[PDB]
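One chain is shown next in structure tokens, namely the form deposited in one PDB entry.
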């Protein structure tokens, strides 16, 4: 019962920090006084041990305690959430955390992983542990109505928007033929990671960043030169990822339901997600 857990750097759901000189994680409490539960997570810096904590790490710990299993956490090697791509042709393969789950490098994905049809054809998602959607992040001062703005629908090299490569947003814009004009712009500017994109907005190198509202709203509450706009437009949700043969599928989902019902998710949401 030693499960291989794969995750990804994505605040506030997963924080990644160096270990101390002795190879342990610095003890730390939140602003509200609760102990910060940190686990050792190996990943790229060759592979080195690092410290992981956050919403999703609290969730992992609750799940491993309820169903009573041990675990080891590592960061996805390519740093991506995961889409399906053709090889070279004929054969297709997933990348990112999706690829590591389906290949056996990981037994469970605990991350802000979006539930969609493309992925659900190959893996079992749990019930949502976080409901959210897509929104747009812009520098404070940039004015756009949302996803139907003309500067988004009739793009050009003057107003640049993008999302993260090999992600659910990339899928969402690539699968719908009616979103072909938008995707053709974004594929010229998509970023390797959400952190780079958000920094590029602050640097005025990117003008709009399309990403998960649970992440973008967090960022807006921290860096007050950034704002979201338009409200939601693709109400999705994050779920645990498992292979279809997993013997844990049932209890993971029951455990998530109970944790919504007893206020445990309310505790994590208030600790990691909500700010002002």
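Positions refer to the first chain, counted from 1.
K.L.:
Compare the other PDB entries of this protein and indicate whether residue 90 is left unmodelled in at least a third of them.
P.N.:
Residue 90: unmodelled in at least a third of the other compared entries.
K.L.:
Using a one-third cut-off over the other compared PDB entries, is residue 45 one of the residues left without coordinates?
P.N.:
Result for residue 45: often missing, at least a third of the compared entries.
K.L.:
Classify the number of deposited-sequence residues missing from the model between residue 30 and residue 31: none, 1 to 3, 4 to 9, or 10 or more.
P.N.:
None; the chain is continuous from residue 30 to residue 31.
K.L.:
Missing residues between residue 88 and residue 89 in the deposited sequence, please: none, 1 to 3, 4 to 9, or 10 or more.
P.N.:
The entry leaves 1 to 3 residues without coordinates here.
K.L.:
Do the C-alpha atoms of 97 to 105 or of 172 to 180 have the higher average B factor in the entry?
P.N.:
Result: 172 to 180.
K.L.:
Tell me which of 116 to 124 and 143 to 151 has the higher mean C-alpha B-factor in the deposited entry.
P.N.:
Of 143 to 151 and 116 to 124, the stretch with the higher C-alpha B-factor average is 143 to 151.
K.L.:
Per the entry's Cα B factor values, which of 167, 132, 204, 84 stands out as the maximum?
P.N.:
Max CA B-factor in the entry, restricted to 167, 132, 204, 84: 204.
K.L.:
Sorting by Cα B-factor within the chain, modelled residues only, which third would residue 24 end up in: lowest, middle or highest?
P.N.:
Ranked within chain, residue 24 CA B lands in the highest tercile.
K.L.:
Would the CA B-factor of residue 4 place it in the lowest, middle or highest third of its chain?
P.N.:
It belongs to the middle third of the chain when residues are ordered by C-alpha B-factor.
K.L.:
Please say which third, lowest, middle or highest, residue 92 falls into when its CA temperature factor is compared across its chain.
P.N.:
As the PDB entry reports it, the C-alpha B-factor of residue 92 lands in the highest third of its chain.
K.L.:
Taking the entry's C-alpha B-factors for this chain, is residue 230 in the lowest, middle or highest third?
P.N.:
Highest third of the chain for residue 230's C-alpha B-factor.
K.L.:
Please rank the C-alpha B-factors of the chain's modelled residues and tell me whether residue 111 sits in the lowest, middle or highest third.
P.N.:
As the PDB entry reports it, the C-alpha B-factor of residue 111 lands in the lowest third of its chain.
Heads up, the form deposited in another entry isn't pictured, but that's what we're talking about next.
K.L.:
Looking at how the chain moves between the shown form and the other one, which of 195, 34, 233, 176 is the hinge point between its two rigid parts?
P.N.:
Evaluating 195, 34, 233, 176 against the hinge definition gives 233.
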